[PDB]
Amino acid sequence: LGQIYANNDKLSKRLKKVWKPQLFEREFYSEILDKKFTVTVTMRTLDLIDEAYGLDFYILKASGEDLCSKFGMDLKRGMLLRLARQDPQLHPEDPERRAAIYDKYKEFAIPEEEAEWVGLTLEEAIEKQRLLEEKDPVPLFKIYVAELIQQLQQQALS
Amino acid sequence: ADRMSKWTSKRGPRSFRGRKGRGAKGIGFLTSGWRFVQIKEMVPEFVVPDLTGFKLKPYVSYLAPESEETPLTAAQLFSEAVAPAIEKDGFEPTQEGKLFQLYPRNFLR
Amino acid sequence: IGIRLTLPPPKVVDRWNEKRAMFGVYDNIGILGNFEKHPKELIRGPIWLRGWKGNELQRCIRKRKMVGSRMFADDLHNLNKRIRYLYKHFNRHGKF
Amino acid sequence: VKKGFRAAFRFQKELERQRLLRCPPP
Amino acid sequence: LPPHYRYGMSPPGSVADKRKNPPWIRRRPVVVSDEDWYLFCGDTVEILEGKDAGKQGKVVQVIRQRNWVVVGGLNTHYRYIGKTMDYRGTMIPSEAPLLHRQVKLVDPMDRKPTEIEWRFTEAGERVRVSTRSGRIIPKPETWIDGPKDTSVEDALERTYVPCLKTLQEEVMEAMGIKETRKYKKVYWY
Amino acid sequence: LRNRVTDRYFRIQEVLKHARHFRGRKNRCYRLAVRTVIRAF
Amino acid sequence: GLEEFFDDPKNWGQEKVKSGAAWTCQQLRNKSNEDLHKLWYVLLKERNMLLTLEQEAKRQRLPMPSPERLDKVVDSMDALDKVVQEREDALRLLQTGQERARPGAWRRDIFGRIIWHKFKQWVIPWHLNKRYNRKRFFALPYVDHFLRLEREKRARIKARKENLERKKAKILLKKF
Amino acid sequence: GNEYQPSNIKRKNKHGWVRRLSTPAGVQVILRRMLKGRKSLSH
Amino acid sequence: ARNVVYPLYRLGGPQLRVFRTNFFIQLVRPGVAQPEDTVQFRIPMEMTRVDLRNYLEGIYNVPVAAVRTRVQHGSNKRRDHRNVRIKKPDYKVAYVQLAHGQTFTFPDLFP
RNA sequence: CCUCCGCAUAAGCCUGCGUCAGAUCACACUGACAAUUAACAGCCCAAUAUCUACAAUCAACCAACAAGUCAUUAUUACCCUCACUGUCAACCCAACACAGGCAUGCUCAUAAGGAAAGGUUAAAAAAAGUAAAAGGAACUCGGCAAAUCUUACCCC
RNA sequence: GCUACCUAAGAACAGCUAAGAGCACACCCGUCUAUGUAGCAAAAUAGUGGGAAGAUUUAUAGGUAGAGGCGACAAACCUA
RNA sequence: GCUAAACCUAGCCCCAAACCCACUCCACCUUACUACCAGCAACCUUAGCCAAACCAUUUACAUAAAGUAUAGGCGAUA
Ligand SMILES: [Mg+2]
Ligand SMILES: [Mg+2]
Ligand SMILES: [Mg+2]
Ligand SMILES: [Mg+2]
Ligand SMILES: [Mg+2]
Ligand SMILES: [Mg+2]
Ligand SMILES: [Mg+2]
Ligand SMILES: [Mg+2]
Ligand SMILES: [Mg+2]
Ligand SMILES: [Mg+2]
Ligand SMILES: [Mg+2]
Ligand SMILES: [Mg+2]
Ligand SMILES: [Mg+2]
């Protein structure tokens, strides 16, 4: 979003301008995910992918600020998770294949707890945290009982 | 057109007036030809005790002595039913299958 | 009738208060204290003008820079407006 | 309630003078 | 009562007080205490200053908000009362209040006025004690029952057997009410 | 207000003293008095 | 009978009636739930009677005989409510471990101030409730500025309070 | 004169709390009212 | 009971009980000179006709033949030193007919 | 003596000439206390399918045109009954106890509902009305206004 | 909530003569005169008029909003 | 001699310091203050007054270096 001078003389009029990227719609197979994702994909994105060879690689390599999308971030996170867990993407009859795939991306592959949080918004993260430490409140009665038991034990000891 | 005065059932037009009500709380539902259906279960019946042979009057003689106050906490309550525990050396895990639920209250008052 | 009848309660003033008894003490600390501290560090006041004389407009500008970041929305706006006005008045309006 | 004193004093003096003029002593 | 309510001699919900201090007055607040307050209704004080400075008397009333003490029969000034018809009415002596510091507590032995401290004795515990003389200056100060009154026995009978059944269920049990139906689960959120 | 005039009455009176014996508002109202008094002078 | 809404016929037109004290908390605390319930109903009728009497007095242009008694009764009732309620709370704590009965969840409404949204109780789940999804519990960016302003306002008030107190103190010091 | 011809239903539909809450501008209006401390925030 | 959350009755669950009633009432002299057997009470606004009937029958053991409630507007036209509208509270009146030809004249209190 | 107005309902307002007590064109102004009761009117109607060509106009002829306002059926589902709200007033919008504005149903002189004249005098000027000798548009921009009415002809 | 226009679903129009017919009530409007012009009124009263089964009037609820709307153009009306 | 006059203290201003507020019960996004039944959802340069004595490019929004280098209808000014 900017302004242009009319015929590129400053003494001519100034007028606002919106320069849009040339958008597309294209499929991308991702080895780590074993699925074809239709994506809005600019030419620049395609070029980037080509440079990094694999789409998966691009997703991994691309720095979070650089990647530029929530969807992309999510994908990256998913990939990381896959790398971590070592979960069956190709199911049985392809363990060797799976292993090979994994070995492609021995680079990257962060611990499983970190890869959960990767590529999240703030609000989402907060929500997740809340979910993690929600629980039911524990009955006080139980606690009291425990205390009593402890006391009894102590008495026995003495 | 005063908007300091409280909005109420008296204030609007015909269709407005019949909708609102005060904090009355409904006895039933309404159907067919606006025929209202008074359900017995929704109506609260007052469980009044028998006061015949009841010595507790509404006031307490001035001669009665004062004592120090004690907020009845849970610990105290537990203690007052800890004898059985002691003997051993009275709790519900869920109270979903129960008429009188202590947490999401059923019992009125 | 602006003028009044009851002449006021007597304005008692102790000229030897702990404030006035020691007014100016330590003030002048440099020229006889091996110049550890400048007299401008003695003065207690609003941070944007501590040892800094300034001018109306200038003061406003200083306030905006020094403090404006942590300033109350309703007051920051006012300050800005003042600055705008002040510039106009000085840079344009008067004589000479 | 204005902030001064001198003016008040002057006023008082004037009042006194007026009083004297009105009901002078024997 | 509004803010800046000036406490008079009359109580705050009287007719006289209302007349004096309605809701729409706006008097100047009076500048004057602490929890440490050694003067009580019934105590015996010496009047140090003012009309009848020197005299001793009982304390009829205390108004701590105003830091005032009212002394029986003393600091008197005279009030006509009744009246209304065109005649004298009856004549009274009315007691004006004394700001504390004009009053001092009297020693029960010496009878000379004193400054007083609040000290913690071995007796258990807190009490007034003279700073100049010695010893404790203590404190100031049948029924027949009615038809709607319990008695001291009936109040302290104490029938509470501690259970985990609530007021309601136990009440129901006592009644003999039977509820075969079970409560349907509802979404609270 | 920082400083406002306490002594203004006196100034008013100074002129009104000289206007006392004029007819009508010229002797009461300071504004009218001043013009008349100056003229007289 | 309707004679319960009035006191003893002997007491009509005395200007003063003897009523000995309200039920204190501790006494109440020591009685049983069954007993307590019974006591409540006794209290209730008395209260009603008192109210009736008051009304009558108002009608007549006459003062109440012993108005303090009504107050005492009210106090007693309050005490009773507190005791039973306390007990209930304790029971709840013992069983489930919940403060309050009626639940909520600290929900941030449209205006951004966090409400204790007390839950309303009904038949269908929330995701297919027409009138509850339209109830929105989120701010959006325009609200933040207003919140800030509100905060500022609050702070100003606080400052005013504090300064005023200080001034008062100073004045007092000057006086004494 | 006499341009006002009161009808409650109309009023409530026009200026009511619900209508203000429906639009962001309306929300802002309410917020403004709150900030001023006004006693009646909507109609 | 007034100012309490009422439990939900989905279809075939239990009878709603009220142990310990929160609302309380007051019988009054009718100004407009009502007939025999009609007793007039001032009632909290939340109380129903049915509730009133129940309430009388249980606690006072009175045979109620009919109940007719009616809300009464309390006056707003009244102003202060501030010129702020003081409002008298709106309240509910009942007209309760006694059964079996019981009859009731309101007593002369304050004789 | 007026009635170019009345009773209702709708909308609107919301205790705004009811009892007692009180004070200060003439004495609906404050404080307390009463008051409006449901059958009228609001507040409706369990699903899925499936049906609804032939107006209304005393609806009969006629007669049209601008082409219209009042419907089920099949199967499944079902016993619990009258809750809650409005119901006052001399009334609303017009800054006012303001000649204005204000939907519908009855009543079309009223069985409702009101009072044009504080008291005197009877000057001018002004306003509204009635009166008129003889003449009768001579008035005047023009028969404007008025009281009896009706002829002919242009322009647009 | 005025008015401009529209959408939904209502309502009113006597009597006499015989169809965006005539006379003429109720309603709608506002020709001309007079009064009023700090008024009964920030456009009224008295008369006199145009319309009054229709391109009519009108109660209710809704809709279009300003660089715009709406307009049987009068550059009207859009709450004095 | 009437009308009137007069009267300090409510509180407030500017700093400093320190990061605030927010469930007795019940009600409150439906026409808010309403006990009780089957579908949407937020982000998108500021402008113009004004100054240039008109007006079109254009016109600001700790100390010192420094009003320096630069920009600019090479001017206003930045
Ligand atoms: Mg009626
Ligand atoms: Mg008559
Ligand atoms: Mg008359
Ligand atoms: Mg006259
Ligand atoms: Mg003639
Ligand atoms: Mg001629
Ligand atoms: Mg003519
Ligand atoms: Mg016609
Ligand atoms: Mg015609
Ligand atoms: Mg038109
Ligand atoms: Mg034209
Ligand atoms: Mg210019
Ligand atoms: Mg120009």
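Residues numbered from 1 in each chain as written, not as in the entry; some residues may be left out. Chains lettered and ligands numbered in written order. Part of a larger assembly, values for the part shown. Heavy atoms only, no water.

- As stated in the entry header, the method of structure determination is cryo-EM and the reported resolution is 3.4 Å.

1. Quick word on the nonpolar core
Okay, so step 1: Ranked by internal contacts, the top residues of the largest apolar core, which has 71 residues, are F41, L52, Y55 and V96 of chain I.
Okay, so step 2: Elements that contribute at least two residues to this core include exactly helix 3 (166–175) of chain E, helix 2 (33–60) and helix 3 (68–95) of chain G together with strand 3 (38–43), helix 1 (49–60), strand 4 (64–72) and strand 5 (91–98) of chain I.
Okay, so step 3: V96 of chain I has contacts with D37, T38, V39, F41, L52, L56, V64, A66 and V67 of chain I, leaving out every residue within four places of it along the chain.
Okay, so step 4: By size, the runner-up hydrophobic cluster in this structure holds 24 residues, among which are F28, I49, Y58 and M79 of chain A. (Core = buried A, V, L, I, M, F, W, Y, C linked by side-chain atoms within 4.5 Å. Buried < 20%, exposed > 50% of the residue type's maximum accessible area, 1.4 Å probe, protein only. Helix = DSSP H or I, 4+ residues; strand = E, 2+ residues; numbered from the N terminus. Contact = heavy atoms within 4.5 Å.)

2. Thoughts on a nonpolar patch on the surface
Okay, so step 1: The grouping of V30, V32 and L99 of chain E together with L172 and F176 of chain G at the surface amounts to a nonpolar patch, some 410 Å² of accessible area in total.
Okay, so step 2: Examined against the element boundaries, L172 of chain G turns out to sit in helix 5 (residues 142–175).
Okay, so step 3: On the basis of relative accessibility, which here comes to 35%, the residue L172 of chain G falls in the partly exposed class. (Patch = residues over 30% accessible without salt bridge, like charges linked within 9 Å, V, L, I, M, F, W, Y side chains within 5 Å. Areas by Shrake-Rupley, 256 points an atom, 1.4 Å probe, with all protein chains shown as cover. Salt bridge = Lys/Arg side-chain N within 4 Å of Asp/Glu carboxyl O.)

3. Observations concerning the sheet that holds strand 1 (residues 44–47) of chain E
Okay, so step 1: The strand order across the open sheet built from 6 strands is 6-3-2-1-7-8 (chain E), with neighbouring strands paired in antiparallel fashion. Only two strands of the sheet have a single partner each, and these edge strands are strand 6 (98–99) and strand 8 (113–114) of chain E. (Pairing = 2+ DSSP bridges.)

4. Focus: the interface of chain B and chain G
Okay, so step 1: With 36 residues of chain B in contact, the opposing surface of chain G contributes 42 residues.
Okay, so step 2: Inspection of the chain B/chain G interface yields 10 residue pairs in polar contact.
Okay, so step 3: Looking at the side of chain B that touches chain G, the element that brings in the most residues is helix 2 (residues 74–79) of chain B, giving 3 residues.
Okay, so step 4: Looking at the side of chain B that touches chain G, its residues break down into 23 nonpolar, 5 polar and 8 charged. (Polar contact = N/O pair within 3.5 Å; in protein donor to acceptor, adjacent residues only side chain to side chain. Nonpolar A, V, L, I, M, F, W, Y, C, P; charged D, E, K, R; others polar.)

5. Considering the protein's contact with RNA strand L
Okay, so step 1: Around RNA strand L there are 81 residues in total, and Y5 and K10 of chain A, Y87 of chain C together with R102 and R131 of chain G lie nearest to it.
Okay, so step 2: In the model, a sugar or linking oxygen of RNA strand L is placed 2.8 Å from a nitrogen or oxygen of the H4 of chain E side chain.
Okay, so step 3: One of the side-chain nitrogen or oxygen atoms of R28 of chain E is found 2.8 Å away from a base oxygen of RNA strand L.
Okay, so step 4: Elements that contribute at least two residues to the surface near RNA strand L include exactly strand 1 (2–5) and strand 2 (14–17) of chain A, helix 1 (14–19) of chain B, helix 2 (56–66) and helix 3 (73–93) of chain C, helix 4 (130–133) and helix 5 of chain G together with helix 2 (17–22) of chain H.
Okay, so step 5: Broken down by element, the surface near RNA strand L gets its largest block of residues, 8 residues, from helix 5 of chain G. (Near = heavy atom within 4 Å.)

6. As for the interface of chain G and chain H
Okay, so step 1: Counting residues at the interface gives 10 residues for chain G, matched by 12 residues for chain H.
Okay, so step 2: It is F111, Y142 and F146 of chain G in chain G that bury the most area against chain H; as a group they hold 58% of the surface buried on that side.
Okay, so step 3: Where chain G touches chain H, the interface holds 0 salt bridges.
Okay, so step 4: Tallied by class, residues from the side of chain G that touches chain H come to 6 nonpolar, no polar and 4 charged. (Buried area = accessible area lost by both parts, 1.4 Å probe.)

7. A few points about the protein's contact with RNA strand K
Residues and elements named next belong to chain H.
Okay, so step 1: The full set of residues close to RNA strand K is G1, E3, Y4, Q5, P6, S7, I9, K10, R11, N13, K14 and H15.
Okay, so step 2: For RNA strand K, the backbone makes up 64% of the atoms found within 4 Å of the protein, where backbone means sugar plus phosphate.
Okay, so step 3: For RNA strand K, a phosphate oxygen lies 3.0 Å from a polar atom in the side chain of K10.
Okay, so step 4: At 2.8 Å from a phosphate oxygen of RNA strand K is found a side-chain nitrogen or oxygen belonging to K14.

8. Some thoughts on helix 2 (residues 30–40) of chain F
One turn of the α-helix equals 3.6 residues, which is why residues spaced by three or four share an orientation.
All names here are of chain F.
Okay, so step 1: Among all positions of helix 2, only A33, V34 and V37 are buried. Looking straight down helix 2, one finds its buried side chains confined to an arc of 100°; they lie on one side. Seen from the open side of helix 2, the exposed residues pointing more than 90 degrees away from its buried face are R31, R35 and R39.
Okay, so step 2: Tucked inside the fold, the buried residues of helix 2 contact helix 1 (8–19). (Arc of directions from axis to C-beta.)

9. Regarding the pattern of salt bridges
Okay, so step 1: Scanning the model with the defined rule gives 32 salt bridges over all chains in all.
Okay, so step 2: Its salt-bridge partner being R69 of chain G, residue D7 of chain G comes within 3.8 Å of it at the nearest N-O pair. Here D7 of chain G is found in the segment before helix 1 (25–30), whereas its partner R69 of chain G is found in helix 3, with 62 residues between them in sequence.
Okay, so step 3: Using a relative accessible area of 8% as the deciding quantity, one classes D7 of chain G as buried.
Okay, so step 4: If you follow the salt bridges from partner to partner, you end up with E41 of chain B, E179 and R181 of chain E together with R17 of chain I in one network.

10. Some points on the environment of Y58 of chain A
All names here are of chain A.
Okay, so step 1: Mapped onto the fold, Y58 is located in helix 2 (residues 55–61).
Okay, so step 2: Residue class for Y58 comes out buried when judged on its relative accessible area of 11%.
Okay, so step 3: Each C-alpha atom of the pair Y58 and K128 lies 27 Å from the other, and the pair is 70 residues apart in sequence.
Okay, so step 4: Leave out the neighbours within four places in its chain, and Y58 touches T45, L48, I49, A52 and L67.

11. Some remarks on the environment of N67 of chain E
Residue and element names in this part refer to chain E.
Okay, so step 1: Along the chain, the position of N67 falls in the loop between strand 2 (56–63) and strand 3 (68–71).
Okay, so step 2: Along the chain, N67 and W37 lie 30 residues apart, while their C-alpha atoms are 9.5 Å from each other.
Okay, so step 3: Setting aside its immediate chain neighbours within four residues, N67 contacts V32, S33, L98, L99 and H100.

12. A look at the side chain of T114 of chain E
Okay, so step 1: Mapped onto the fold, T114 of chain E is located in strand 8.
Okay, so step 2: In this structure the side chain of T114 of chain E is engaged in a polar contact, spanning 2.7 Å, whose partner is the side chain of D107 of chain E.

13. Looking at the packing of aromatic side chains
Geometrically, a pair of aromatic rings is defined through the distance of the ring centres and the angle of the planes.
Okay, so step 1: Taken as a whole and judged by the stated rule, the model has 24 aromatic pairs over all chains.
Okay, so step 2: Note on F5 of chain G and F41 of chain I: the rings are 5.5 Å apart at their centroids and 55° apart in plane angle, and the pair reads as tilted. Remark: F41 of chain I occurs in strand 3 and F5 of chain G occurs in the segment before helix 1; the pair is interchain, linking two chains. For the residue pair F5 of chain G and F41 of chain I, the accessibility class agrees, reading buried in each case.
Okay, so step 3: Of the aromatic side chains, those joined through ring pairs into one cluster are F141 and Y144 of chain A together with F78 and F91 of chain B. (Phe/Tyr/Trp six-rings, centres within 6.5 Å; stacked < 30°, edge-to-face > 60°.)

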